[PDB]
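**Q** Take a look at this one; I'll ask things after.
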Amino acid sequence: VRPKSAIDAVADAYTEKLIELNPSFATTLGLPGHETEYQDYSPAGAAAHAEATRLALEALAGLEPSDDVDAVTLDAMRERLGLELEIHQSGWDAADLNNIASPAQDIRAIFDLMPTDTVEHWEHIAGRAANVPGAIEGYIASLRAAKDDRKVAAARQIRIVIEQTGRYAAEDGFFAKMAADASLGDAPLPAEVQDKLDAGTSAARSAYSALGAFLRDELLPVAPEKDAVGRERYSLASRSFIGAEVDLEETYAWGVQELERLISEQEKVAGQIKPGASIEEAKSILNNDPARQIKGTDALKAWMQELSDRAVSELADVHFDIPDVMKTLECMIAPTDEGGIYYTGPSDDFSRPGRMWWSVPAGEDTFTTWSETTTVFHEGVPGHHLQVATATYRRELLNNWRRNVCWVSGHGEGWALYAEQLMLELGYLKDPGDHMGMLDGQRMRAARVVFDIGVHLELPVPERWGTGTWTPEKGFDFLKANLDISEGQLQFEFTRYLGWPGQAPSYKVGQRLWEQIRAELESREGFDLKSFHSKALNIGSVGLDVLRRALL
Ligand SMILES: [Mg+2]
Ligand SMILES: [Mg+2]
């Protein structure tokens, strides 16, 4: 029963404008009306977004907060929107292209959300396919304008997007298969809608082939070879992922030291698995021990479930406030192989509980759990589930901007890392195998800090990892030493960090900042850890600067 304020009204109106400007955002919100439409990716599209943003800030400028909730809203919006305008004004937004989260991927990805149960559904898919050309044309218009302004993505990233988009457009690629395999009730589409689908998918194929040609012929020849984006671009991207403007040299130095600590810890844990064992030697023992393997998905679900239910029942009303509807975290098998464990939060009304989904790679039916205990806490309780479910629980106290728009990577990923560290400190990882798995994920995330900042700023390589200053080649060998992952995933992560600067440290740096907030509050009389967790999580997703000011 907290009534909406004038500030919430501005926040809600801005949200409606965002929905109006980006119809893809409405479909990803479940809002009907604009199922076939894309945002305007052209420069005029970007100017319109920026203008709406500038007008929203102006509207907020003379509005005093009516309560603490308003003050957080003002702070979060001023931070997020102000940063958005700094990035737009920098000119680099127009050049946006990378291997993972840029318009070429986004324009294709939206199709995966669309239902396929009625003729009208298939008309929507066909109609969206038929709008892929205009989306791509506007995107090419922004890339071309940035190019004329001497701002072009690294050659590596352009080459990757030419590869990815050529598969989308190929004879047997995404859009072709969409039209060829379409069904309704396990039967072919009626001919009239099928023809709409064939025409639309055909246009989508041609548009992705044109982006390919443009990239190849106009952009690639002027693309820089150098991947590093440099200090000025880096600091703005870093802010986008963390919501704090960190000291980059200081953060880099912290990350190098933190990686060294985590390796030292792994060496200690190795000796707890087998006296005097190297990390690699201990890992063969864990990975070859019949006791650390589970057979079949039923037993796997049972294992996840017990861990989750135990964490809830032990932490409830001790370290966290967990309302009854949040105590359920259903552990499940992913219908598809999303390549790891993922979390889906509860419905707004809590009729669907939070769920955790383990993706089983094709043909796999035995499961090693030592490395995934920590992941259960990260993706589940007290990580993502408590954070996401608490924000959702407090939704009546949160305007639509806060609920549906404002989201900061360092905040939510930092929290899941905080959560793993808390479970270490509370004695959940005493088994050396489980401990090792936690350290592995921390080590990989500490390596991200060193790589991202070191490479993009061309900093001195730490003597443990090389000499001179960082180059992408040196960075690749460094990742290979610190990430226990497949060859193909290593190559992907490498490419990602190079093309998406600022995001990779958001995990460990988010953890650091969360821990700094808690450490400060701990210095004071009456600190109460449960009360801290409640106040913080109630706020929802905000930048780390904003969170610190809401809490200190
Ligand atoms: Mg040192
Ligand atoms: Mg996650």
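Please note that chains go A, B, ... in the order of the structure tokens, that every chain numbers its residues from 1, and that ligands are numbered from 1 in the order shown.
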If you count only C-alpha atoms and all ligand atoms, which residues end up within 8 Å of ligand 2, as a PyMOL selection string?

**A** chain A and resi 341-343+378-379+384+413+416

**Q** Using only C-alpha atoms and all ligand atoms, which residues of chain A come within 8 Å of ligand 1, and what is the closest atom pair for each, with the distance in Å to one decimal? Give it as a Markdown table, sorted by chain and residue number.

**A**
```
| residue | atom | partner | partner_atom_place_in_ligand_line | distance |
| --- | --- | --- | --- | --- |
| A:253 | CA | ligand 1 | 1 (Mg) | 7.6 |
| A:256 | CA | ligand 1 | 1 (Mg) | 7.4 |
| A:257 | CA | ligand 1 | 1 (Mg) | 5.3 |
```

**Q** Which residues of region 201-225 of chain A sit at most 10 Å from region 136-139 of chain A, using only C-alpha atoms? Give each one's shortest atom pair and distance in Å (one decimal place), in chain and ascending residue order, as a Markdown table.

**A**
```
| residue | atom | partner | partner_atom | distance |
| --- | --- | --- | --- | --- |
| A:204 | CA | A:136 | CA | 9.0 |
| A:207 | CA | A:136 | CA | 6.4 |
| A:208 | CA | A:136 | CA | 7.3 |
| A:210 | CA | A:136 | CA | 8.6 |
| A:211 | CA | A:136 | CA | 7.0 |
```

**Q** Just to be explicit: take each residue in the selection above, keep N, CA, C and O atoms, and write the result as a compact mmCIF listing (two decimals), in the first residue's frame.

**A**
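Wrote out.txt, looks like this:
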```
# COMPACT_ATOMS: atom_id res chain seq x y z
N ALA A 204 14.60 -11.92 -44.79
CA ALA A 204 15.56 -11.98 -43.68
C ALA A 204 16.93 -12.54 -44.11
O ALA A 204 17.96 -12.02 -43.72
N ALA A 207 18.71 -9.94 -46.14
CA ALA A 207 19.23 -8.86 -45.32
C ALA A 207 20.50 -9.24 -44.55
O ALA A 207 21.43 -8.46 -44.48
N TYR A 208 20.55 -10.44 -43.97
CA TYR A 208 21.77 -10.86 -43.31
C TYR A 208 22.93 -11.08 -44.28
O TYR A 208 24.06 -10.79 -43.96
N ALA A 210 23.32 -9.21 -46.98
CA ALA A 210 23.72 -7.81 -47.23
C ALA A 210 24.57 -7.27 -46.09
O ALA A 210 25.53 -6.54 -46.35
N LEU A 211 24.23 -7.59 -44.84
CA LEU A 211 25.07 -7.12 -43.72
C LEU A 211 26.45 -7.74 -43.88
O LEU A 211 27.46 -7.03 -43.76
```

**Q** Residues near residue 358 (chain A), anyone? I mean within 8 Å using only C-alpha atoms, not counting same-chain ones fewer than 6 positions away, as a PDB file with N, CA and C atoms, in the first residue's frame.

**A**
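Written output follows (out.pdb):
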```pdb
ATOM      1  N   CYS A 331      14.326 -27.688  -8.509  1.00  0.00           N
ATOM      2  CA  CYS A 331      15.440 -28.052  -9.361  1.00  0.00           C
ATOM      3  C   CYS A 331      15.028 -29.035 -10.473  1.00  0.00           C
ATOM      4  N   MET A 332      15.414 -28.699 -11.704  1.00  0.00           N
ATOM      5  CA  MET A 332      14.873 -29.356 -12.909  1.00  0.00           C
ATOM      6  C   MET A 332      15.964 -29.611 -13.911  1.00  0.00           C
ATOM      7  N   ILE A 333      15.596 -30.321 -14.959  1.00  0.00           N
ATOM      8  CA  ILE A 333      16.498 -30.578 -16.082  1.00  0.00           C
ATOM      9  C   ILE A 333      16.102 -29.615 -17.190  1.00  0.00           C
ATOM     10  N   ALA A 334      17.072 -28.936 -17.782  1.00  0.00           N
ATOM     11  CA  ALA A 334      16.777 -28.031 -18.896  1.00  0.00           C
ATOM     12  C   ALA A 334      16.240 -28.806 -20.093  1.00  0.00           C
ATOM     13  N   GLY A 340      25.100 -25.281 -19.072  1.00  0.00           N
ATOM     14  CA  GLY A 340      25.368 -25.019 -17.635  1.00  0.00           C
ATOM     15  C   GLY A 340      24.075 -24.908 -16.839  1.00  0.00           C
ATOM     16  N   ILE A 341      24.175 -24.570 -15.556  1.00  0.00           N
ATOM     17  CA  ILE A 341      22.999 -24.328 -14.754  1.00  0.00           C
ATOM     18  C   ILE A 341      22.485 -22.888 -14.920  1.00  0.00           C
ATOM     19  N   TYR A 342      21.170 -22.745 -15.076  1.00  0.00           N
ATOM     20  CA  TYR A 342      20.547 -21.445 -15.110  1.00  0.00           C
ATOM     21  C   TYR A 342      19.303 -21.368 -14.217  1.00  0.00           C
TER      22      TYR A 342
END
```

**Q** What are the closest atom pairs, with distances in Å to one decimal, for each residue of region 32-144 of chain A lying within 12 Å of region 537-551 of chain A, using only C-alpha atoms, rows by chain and rising residue number, as JSON lines?

**A**
```
{"residue": "A:67", "atom": "CA", "partner": "A:550", "partner_atom": "CA", "distance": 11.9}
{"residue": "A:68", "atom": "CA", "partner": "A:550", "partner_atom": "CA", "distance": 8.1}
{"residue": "A:69", "atom": "CA", "partner": "A:539", "partner_atom": "CA", "distance": 8.4}
{"residue": "A:70", "atom": "CA", "partner": "A:550", "partner_atom": "CA", "distance": 10.8}
{"residue": "A:71", "atom": "CA", "partner": "A:550", "partner_atom": "CA", "distance": 8.1}
{"residue": "A:72", "atom": "CA", "partner": "A:550", "partner_atom": "CA", "distance": 6.3}
{"residue": "A:73", "atom": "CA", "partner": "A:542", "partner_atom": "CA", "distance": 9.1}
{"residue": "A:74", "atom": "CA", "partner": "A:546", "partner_atom": "CA", "distance": 9.6}
{"residue": "A:75", "atom": "CA", "partner": "A:546", "partner_atom": "CA", "distance": 6.2}
{"residue": "A:76", "atom": "CA", "partner": "A:546", "partner_atom": "CA", "distance": 6.0}
{"residue": "A:77", "atom": "CA", "partner": "A:542", "partner_atom": "CA", "distance": 9.1}
{"residue": "A:78", "atom": "CA", "partner": "A:546", "partner_atom": "CA", "distance": 9.8}
{"residue": "A:79", "atom": "CA", "partner": "A:543", "partner_atom": "CA", "distance": 7.7}
{"residue": "A:80", "atom": "CA", "partner": "A:543", "partner_atom": "CA", "distance": 7.8}
{"residue": "A:81", "atom": "CA", "partner": "A:543", "partner_atom": "CA", "distance": 11.7}
{"residue": "A:83", "atom": "CA", "partner": "A:543", "partner_atom": "CA", "distance": 11.1}
```

**Q** So that I can check the surroundings of residue 48 (chain A), please list as a list in words every protein, DNA and RNA residue that reaches within 12 Å of it, counting only C-alpha atoms and ignoring chain neighbours fewer than 3 positions away.

**A**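 The residues that qualify are residues 17, 18, 20, 21, 22, 39, 40, 41, 42, 43, 44, 45, 51, 52, 53, 54, 55, 85 and 88 of chain A.
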
**Q** What does the distance between CA of residue 326 (chain A) and CA of residue 4 (chain A) come to in Å, to one decimal place?

**A**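 Atom-to-atom, CA of residue 326 (chain A) to CA of residue 4 (chain A), that is 25.5 Å.
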
**Q** Quick check, in Å to one decimal: how far apart do CA of residue 56 (chain A) and CA of residue 405 (chain A) lie?

**A**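 Rounded to one decimal, the two atoms are 14.0 Å apart.
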
**Q** For each of A:192, A:111, A:37, A:46, take the minimum atom-to-atom distance to residue 141 (chain A), counting only C-alpha atoms, then give the residue where this is smallest.

**A**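 The shortest atom-to-atom distance to residue 141 (chain A) comes from A:46.
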
**Q** Mind dumping a table of every region 422-503 of chain A residue within 10 Å of region 299-317 of chain A, with the nearest atom pair and its distance in Å to one decimal, using only C-alpha atoms, sorted by chain and rising number, as a tab-separated table?

**A**
```
residue	atom	partner	partner_atom	distance
A:423	CA	A:311	CA	8.9
A:426	CA	A:315	CA	9.8
A:428	CA	A:311	CA	8.7
```

**Q** Would you mind exporting the chosen residues as a short mmCIF file (atom, residue, chain, number, x, y, z; two decimals), in the first residue's frame, restricted to N, CA, C and O atoms?

**A**
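selection_10.cif was written with the following content:
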```
data_model
loop_
_atom_site.label_atom_id
_atom_site.label_comp_id
_atom_site.auth_asym_id
_atom_site.auth_seq_id
_atom_site.Cartn_x
_atom_site.Cartn_y
_atom_site.Cartn_z
N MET A 423 28.71 -18.84 1.46
CA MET A 423 28.58 -20.28 1.72
C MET A 423 29.93 -20.94 2.08
O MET A 423 29.97 -21.81 2.93
N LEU A 426 30.38 -19.91 5.78
CA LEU A 426 29.41 -20.61 6.64
C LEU A 426 29.61 -22.15 6.72
O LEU A 426 28.90 -22.81 7.44
N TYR A 428 29.62 -24.55 4.24
CA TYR A 428 29.02 -25.43 3.22
C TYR A 428 29.98 -26.10 2.23
O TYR A 428 29.59 -27.07 1.52
#
```

**Q** With distances taken over only C-alpha atoms, which of A:442, A:495, A:287, A:201 is nearest to residue 255 (chain A)?

**A** A:442

**Q** At a cut-off of 10 Å, using only C-alpha atoms, what residues contact residue 360 (chain A)? Leave out same-chain residues fewer than 3 positions from it and give the result as a PyMOL selection string.

**A** chain A and resi 297+333-341+357+363-367

**Q** Put those residues in a file: N, CA and C atoms, as a short mmCIF file (atom, residue, chain, number, x, y, z; two decimals), in the first residue's frame.

**A**
```cif
data_model
loop_
_atom_site.label_atom_id
_atom_site.label_comp_id
_atom_site.auth_asym_id
_atom_site.auth_seq_id
_atom_site.Cartn_x
_atom_site.Cartn_y
_atom_site.Cartn_z
N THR A 297 19.40 -38.49 -14.36
CA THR A 297 18.87 -37.15 -14.02
C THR A 297 17.99 -37.14 -12.76
N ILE A 333 15.60 -30.32 -14.96
CA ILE A 333 16.50 -30.58 -16.08
C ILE A 333 16.10 -29.61 -17.19
N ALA A 334 17.07 -28.94 -17.78
CA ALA A 334 16.78 -28.03 -18.90
C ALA A 334 16.24 -28.81 -20.09
N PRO A 335 15.21 -28.26 -20.76
CA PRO A 335 14.73 -28.98 -21.95
C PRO A 335 15.79 -29.00 -23.07
N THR A 336 16.65 -27.99 -23.10
CA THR A 336 17.72 -27.91 -24.08
C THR A 336 19.07 -27.72 -23.40
N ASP A 337 20.14 -27.96 -24.14
CA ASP A 337 21.47 -27.77 -23.59
C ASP A 337 21.94 -26.30 -23.64
N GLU A 338 21.57 -25.51 -22.63
CA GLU A 338 22.09 -24.15 -22.48
C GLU A 338 23.53 -24.12 -21.90
N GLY A 339 24.18 -25.28 -21.77
CA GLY A 339 25.62 -25.31 -21.46
C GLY A 339 25.99 -24.97 -20.02
N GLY A 340 25.10 -25.28 -19.07
CA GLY A 340 25.37 -25.02 -17.64
C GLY A 340 24.08 -24.91 -16.84
N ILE A 341 24.17 -24.57 -15.56
CA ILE A 341 23.00 -24.33 -14.75
C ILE A 341 22.48 -22.89 -14.92
N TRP A 357 17.73 -24.92 -13.48
CA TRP A 357 17.68 -25.86 -14.60
C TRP A 357 19.12 -26.31 -14.92
N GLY A 363 23.74 -36.91 -24.81
CA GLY A 363 24.40 -38.21 -24.61
C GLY A 363 25.03 -38.42 -23.24
N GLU A 364 25.01 -37.39 -22.40
CA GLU A 364 25.63 -37.48 -21.07
C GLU A 364 24.58 -37.96 -20.08
N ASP A 365 24.93 -38.93 -19.25
CA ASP A 365 24.02 -39.47 -18.21
C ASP A 365 24.71 -39.79 -16.88
N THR A 366 25.97 -39.36 -16.74
CA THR A 366 26.72 -39.41 -15.49
C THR A 366 27.21 -37.99 -15.25
N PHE A 367 27.25 -37.59 -13.99
CA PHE A 367 27.42 -36.19 -13.59
C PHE A 367 28.36 -36.08 -12.41
#
```

**Q** Compile the contact shell of region 157-159 of chain A as a PyMOL selection string: residues with an atom at most 12 Å away, counting only C-alpha atoms, same-chain residues fewer than 3 positions apart removed.

**A** chain A and resi 95-102+104+143+152-154+162-166+211-228+492+494-500

**Q** DSSP on the backbone: which residues in region 220-460 of chain A end up as helix (DSSP H, G or I)? Give the answer as a VMD selection string.

**A** chain A and resid 220 to 222 231 to 242 248 to 273 279 to 288 290 to 292 297 to 315 324 to 326 373 to 379 384 to 393 395 to 397 400 to 404 409 to 425 432 to 457

**Q** At what distance in Å, to one decimal, does CA of residue 436 (chain A) lie from CA of residue 453 (chain A)?

**A**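 Computing the Euclidean distance for CA of residue 453 (chain A) and CA of residue 436 (chain A) yields 25.9 Å.
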
**Q** Using only C-alpha atoms, find the one residue out of A:122, A:507, A:470, A:174 that sits nearest to residue 420 (chain A).

**A**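 Smallest separation from residue 420 (chain A) among the options: A:507.
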
**Q** Please return as a PyMOL selection string: the residues of region 351-387 of chain A that backbone DSSP assigns to strand (DSSP E or B).

**A** chain A and resi 354-358+366-368

**Q** Kindly save the residues from that selection, with C-alpha atoms included, as a PDB file, in the first residue's frame.

**A**
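To be explicit, this is the file written out as part12.pdb:
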```
ATOM      1  CA  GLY A 354      11.864 -19.949  -8.629  1.00  0.00           C
ATOM      2  CA  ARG A 355      13.445 -22.746 -10.644  1.00  0.00           C
ATOM      3  CA  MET A 356      16.984 -23.964 -11.387  1.00  0.00           C
ATOM      4  CA  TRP A 357      17.680 -25.864 -14.595  1.00  0.00           C
ATOM      5  CA  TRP A 358      20.676 -28.117 -15.224  1.00  0.00           C
ATOM      6  CA  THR A 366      26.719 -39.412 -15.486  1.00  0.00           C
ATOM      7  CA  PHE A 367      27.415 -36.192 -13.592  1.00  0.00           C
ATOM      8  CA  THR A 368      30.366 -35.038 -11.577  1.00  0.00           C
TER       9      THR A 368
END
```
